[PDB]
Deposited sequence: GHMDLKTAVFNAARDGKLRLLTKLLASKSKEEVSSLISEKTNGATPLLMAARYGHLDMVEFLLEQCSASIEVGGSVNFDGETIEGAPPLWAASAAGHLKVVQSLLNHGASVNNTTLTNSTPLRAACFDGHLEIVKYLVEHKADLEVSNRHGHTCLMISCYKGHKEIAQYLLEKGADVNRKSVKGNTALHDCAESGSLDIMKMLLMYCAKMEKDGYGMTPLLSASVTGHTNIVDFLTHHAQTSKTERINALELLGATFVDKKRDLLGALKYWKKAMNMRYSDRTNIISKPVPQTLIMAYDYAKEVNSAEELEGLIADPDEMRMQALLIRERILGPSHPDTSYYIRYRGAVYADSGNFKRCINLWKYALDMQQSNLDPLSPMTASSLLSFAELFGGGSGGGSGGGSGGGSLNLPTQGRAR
């Protein structure tokens, strides 16, 4: 009940109640209880996390021997494990604590248990001034978290243009891939950060497939960022067939995620026009192996006239969207079985329980047929409903 008095005076920065308390014991055992956990954290960790500069200066100007011990710390409503003081100060935006922790010899490389450096923490929340300071004090730009997600990737995802710009000026490698194949170009595509994406292309960032087989163009189509799709379908590094599929998949995203059938049809005619623009080389639609009961045995429209009838027929547009997504994403991408389940749920809600059950049977059999190099997260099952690479 004396340690808890020390930690509490720390998490709150009341140095009076601390200095007056800490004058009773001697050096030997003032050190021993500044160095102890209170629900996973140390007094120093909490001093830095809440920006209490003159108390971290005091604690260090005493015994500076827990400066690298990570513990537990609270951010955004959750608590992270193994976080050193420097990491907590950078994440929280306390530049002054950052400068003093370093001035007392803190290691700019010490990470949390996810291997998230102080530099990564300052990029996530947008603390450009702390980013410049950590880099100018020997931070390593290419140390990734354990998913292989870099500081540049997270800055793109979060839309921190100035920070991404700064890292690229300091020589960050624009073509790093995470373990799942994520590049910084995918983080721009999935956040809709068009102007950061252009800036990545000033450095000749290469468009590549990730583990799911998706380029940044297709990822924009999956996530619905029309500004990215519009830019990249007019970019020479995407071929004619990739453009068609990107537009067809985007329209399927308009049907199922945006619930906008007029928008969908506009992208589907754009694609259908490209398919038939050159009569010397028609790009006709692939042919699946069999008709699918869960899809009401439907077929993809293969000409512009079959697209004029689609306007009037909302259920046929819903089956086209399912057919397109299974063709382009395939059965092991999570969005495929997910949107098959969503479509079934809407039919349940409309009284069509046979259609509902047939689609749900089909989604389960699809997830089970593709059992085992990437992860099947139980986060999209029925019970759970009732990215970790991009964590801080």
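Asker: No C-alpha coordinates means not modelled. Give me those stretches of the deposited sequence in order.
Answerer: Unobserved in coordinates, per deposited numbering: 1-3, 376-378, 393-412.
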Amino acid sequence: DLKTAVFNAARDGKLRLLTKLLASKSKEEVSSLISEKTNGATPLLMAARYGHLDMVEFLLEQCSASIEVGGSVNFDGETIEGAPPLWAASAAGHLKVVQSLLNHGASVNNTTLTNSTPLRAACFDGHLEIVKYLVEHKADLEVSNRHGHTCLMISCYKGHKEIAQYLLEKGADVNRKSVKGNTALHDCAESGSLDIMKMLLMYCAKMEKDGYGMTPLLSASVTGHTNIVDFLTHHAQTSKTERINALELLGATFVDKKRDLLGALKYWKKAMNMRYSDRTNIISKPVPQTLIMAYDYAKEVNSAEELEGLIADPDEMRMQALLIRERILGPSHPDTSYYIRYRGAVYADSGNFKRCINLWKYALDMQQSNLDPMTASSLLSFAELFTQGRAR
From here on, numbers count along this sequence of modelled residues.
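Under this definition, the rigid core comprises the largest set of C-alpha atoms superposing within 1.5 Å between the forms.
Asker: Core-aligned, which moves more in 7 other deposited structures of this protein: 322-330 or 31-39, by CA RMS?
Answerer: It is 31-39 whose C-alphas lie farther from the shown form in 7 other deposited structures of this protein.
Asker: Would you say which of 144-152 and 72-80 moves more relative to the shown form in 7 other deposited structures of this protein, going by RMS C-alpha distance with the core superposed?
Answerer: Most displaced of the pair in 7 other deposited structures of this protein: 72-80.
Asker: Of the other entries that cover residues on both sides, do at least a third skip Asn370?
Answerer: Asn370: modelled in every other compared entry.
Asker: Would you say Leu379 is missing from a third or more of the other compared entries?
Answerer: Yes; at least one third of the other entries leave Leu379 out.
Asker: Out of 99-107 and 254-262, which one has CA B-factors that are higher on average in the deposited record?
Answerer: 99-107 has the higher mean C-alpha B-factor.
Asker: Could you check the entry and say whether 277-285 or 199-207 has the higher mean CA B-factor?
Answerer: It is 277-285.
Asker: I'd like to know which of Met366, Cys356, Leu323, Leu60 has the highest C-alpha temperature factor in the PDB entry.
Answerer: Out of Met366, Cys356, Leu323, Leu60, the record gives the largest C-alpha B-factor to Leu60.
Asker: Per the entry, which of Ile311, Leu119, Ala88, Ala220 tops the list for Cα B factor?
Answerer: That would be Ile311.
Asker: So where's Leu247 on the chain's Cα temperature factor ranking, which third?
Answerer: Answer is lowest: the recorded C-alpha B-factor places it there.
Asker: Ranking every modelled residue in this chain by its Cα temperature factor as given in the entry, which third contains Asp173?
Answerer: For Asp173, whose C-alpha B-factor we compare with every modelled residue in the chain, the answer is the lowest third.
Asker: Among the chain's modelled residues, which third holds the C-alpha B-factor of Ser332?
Answerer: Ranked within chain, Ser332 CA B lands in the middle tercile.
Asker: Mind checking which third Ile80 falls in for C-alpha B-factor across the chain?
Answerer: Tercile = highest for this residue's CA B-factor.
Asker: Ranked by Cα temperature factor within the chain, is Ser191 in the lowest third, the middle third or the highest third?
Answerer: Its C-alpha B-factor belongs to the lowest third of this chain's values.
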